[PDB]
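Remarks on the structure that follows.
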There are 2 protein chains.
Amino acid sequence: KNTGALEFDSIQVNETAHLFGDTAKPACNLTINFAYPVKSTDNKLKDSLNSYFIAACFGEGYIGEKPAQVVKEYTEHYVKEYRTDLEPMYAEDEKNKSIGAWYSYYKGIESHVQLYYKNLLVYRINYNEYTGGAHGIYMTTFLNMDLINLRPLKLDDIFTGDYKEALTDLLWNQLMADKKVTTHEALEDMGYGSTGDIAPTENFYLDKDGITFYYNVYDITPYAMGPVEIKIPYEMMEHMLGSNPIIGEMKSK
Amino acid sequence: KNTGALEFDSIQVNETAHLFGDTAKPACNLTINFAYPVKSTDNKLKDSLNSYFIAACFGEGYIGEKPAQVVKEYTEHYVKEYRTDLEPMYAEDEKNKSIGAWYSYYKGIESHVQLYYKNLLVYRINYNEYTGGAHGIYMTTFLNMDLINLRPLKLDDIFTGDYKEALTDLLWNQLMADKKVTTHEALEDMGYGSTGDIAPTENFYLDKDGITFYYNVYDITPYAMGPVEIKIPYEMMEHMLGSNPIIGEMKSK
Ligand SMILES: [Cl-]
Ligand SMILES: [Cl-]
């Protein structure tokens, strides 16, 4: 029933590497929880999906390798990037002298299958990083894998013609409803749209009810307000939607 | 088709709190990505599931509150636990004097729906923590929510009679096959069973093929080897399996 009859597993990595290999010294901490297809009745589709998941989580340079190898190389690269940069920096800050908490680094990459129905595979990537400073950054990314065309769906695969201005107004109208307000200013006073206009984003995901547009920190709100989701039901976009059978499959579910 | 027709969403929290509220000082960093049911055609089932997910991710003290409230209280508690303990400790280490990297703390809690088919809901919790030291700890926990009995499945809900000794031998036999070896000693020389016997764990998950027993770091291998999964197909346990309709539903899928 589901395209490629995909089965998944994950690779977990958790590494603490201290400067100078000394436990009393600052460390970098890496966490990987990577979901990837292990079995398929279409290995072409399996290789395609693995390439996109690896490219999105770790980078294009890692294409062609087994995920276990990718995660190993990625982990070594991160530790060596950290040590070769921060060890001479720490020795310098020490030569002058207490040194700061500017040397404790964290990077987390988690990915899992959010939805897998008929010709659609929704892959969610959670990313977080801290390199000293007041705070770090955290991001949620989505891939809407078209299991026929073996590529992620973009807005111009889901919408016909010139829809940017139209979708912008739908997004504003929906957020106004969610926050029980009747003005752009009322939303703006709550901080929505205070870092910029609520334009449609390529960071979205499909589900049985509609399209959820996912705004990461800074996109439309200040960092401190966190991410924000704006969901548009399919019923409100009927005439704007494309011919891709995934749209019909989502609407039917 | 799926019991309670459940719809899910998540609460994301990312907080950096520095000692003395000073960016130049060490910090604690908390990450929460909590999945919870938002909509159901059986609100009794929805409240039950929310209680278990909150209890498992944050603790029993948080039962009865909305997940947004829970995550807020949990975050404040973590920051205050950190500051009220480590601020006088840091002031003391400073009074003597450079101070260590013993003060950079990290805690991550992520949860998501792994499987939701008919009367079964498999909930995966990913936990990680670092409090200084050579390394931290990371754990993956599973809840096999029985959507009829409104509680997680335990081994004695899935197996009949005295199955511990039997399951132990199945687990050893399966790991031997996975690592292409014919002795307990051959596995032991690879480190498997070097921290203790491979007894059945309550940390398992059901899927269309069988039961995956999830061993966290230290359970049966040294920390450095990471977690290990041992999957037993339903075909190899046919006569040992109980009457719970979820077993039949998994076997049929
Ligand atoms: Cl180290
Ligand atoms: Cl702070």
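All of this is worked out from the model, or read from it or from the source named; none is laboratory data. We place every Cβ from the backbone using ideal geometry, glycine too, and count neighbours over all the protein chains shown.
Before moving on, here are some points about what is shown:
- The residue that is farthest from residue B:201 (Cα to Cα), counting only those in the range B:140-150 that are more than 9 Å from chain A (Cβ to nearest Cβ) and in a strand (DSSP E or B), is B:146.
- Index of the failed condition, residue B:82 passing every other in (1) within 23 Å of residue A:112 (Cα to Cα); (2) part of a helix (DSSP H, G or I): (1)
- Among residues of the range B:228-253 that are assigned by CATH to the domain that holds residue B:166, those with a Cβ under 7 angstrom from a residue that is outside any helix (DSSP H, G or I) and loosely packed, with under 13 Cβ neighbours inside 10 Å, sequence gap 6+ or separate chain, pair up as B:240/B:160; B:242/B:160.
- The range B:119-135 residues that are within 12 Å of chain A (Cβ to nearest Cβ), paired with ones that are assigned to a loop (DSSP other than H, G, I, E, B) and hydrophobic (A, V, I, L, M, F, W, C) (beta carbon under 6 Å, 6 or more apart): B:132/B:102
- Among the residues of the range A:151-163, those that are of a type outside the set (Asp, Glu) and closer than 18 Å to residue A:206 by Cα comprise A:151, A:152, A:153, A:154, A:155, A:158, A:159, A:160, A:163.
- Near pairs, Cβ below 9 angstrom, 6+ apart or cross-chain, from the range A:212-225 (under 27 Å from residue A:236 (Cα atoms)) to any residue that is of a type in the set (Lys, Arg): A:212/A:231; A:213/A:231
- Residues (part of a strand (DSSP E or B) and either out of contact with any strand residue (DSSP E or B) (no Cβ under 9 Å at 6 or more places or on another chain) or within 16 Å of ligand 1 (Cβ to nearest atom) (or both)) located in the range A:1-30: A:13, A:14, A:15, A:16, A:17, A:18, A:27, A:28, A:29, A:30
- When the range B:140-151 is filtered for residues that are surrounded by 18 or more Cβ atoms within 10 Å (Cβ to Cβ) and under 14 Å from the mean Cα position of the chain (by Cα), the ones remaining, listed by number, are B:140, B:142, B:143, B:144, B:145.
- Reported count of residues in the range B:31-42, each being more than 17 Å from residue B:150 (Cα to Cα) and either assigned to a loop (DSSP other than H, G, I, E, B) or not aliphatic (A, V, I, L, M) (or both), is 3.
- Only one of the listed residues (A:91, A:56) is of a type outside the set (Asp, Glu), under 27 Å from residue A:221 (Cα atoms) and in a helix (DSSP H, G or I). That residue is A:56.
- Qualifying residue in the range B:101-117 (condition: outside any strand (DSSP E or B), within 14 Å of chain A (Cβ to nearest Cβ), of a type outside the set (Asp, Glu) and more than 16 Å from ligand 1 (Cβ to nearest atom)): yes
- All strands (runs of 3 or more DSSP E) inside the range A:195-253 with 3 or more residues being within 21 Å of residue A:169 (Cα to Cα) and of a type in the set (A, V, I, L, M): A:228-233
- Residue in the range B:123-139 that is within 16 Å of ligand 1 (Cβ to nearest atom), buried (at least 20 other Cβ atoms within 10 Å of the Cβ) and in a strand (DSSP E or B) present: yes
- Selection count where residues are surrounded by fewer than 15 Cβ atoms within 10 Å (Cβ to Cβ) and either more than 8 Å from every other protein chain (Cβ to nearest Cβ) or in contact with a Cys (Cβ under 8 Å, 6 or more places away or on another chain) (or both), scope the range A:10-41: 6
Per-residue answers, yes or no, for (1) under 25 Å from residue A:144 (Cβ atoms); (2) at the interface with chain B (Cβ under 10 Å from one of its Cβ atoms); (3) surrounded by 19 or more Cβ atoms within 10 Å (Cβ to Cβ); (4) within 16 Å of ligand 1 (Cβ to nearest atom):
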| site | (1), (2), (3), (4) |
| --- | --- |
| A:70 | yes, no, yes, no |
| A:80 | no, no, no, yes |
| A:86 | no, no, yes, yes |
| A:94 | no, yes, no, no |
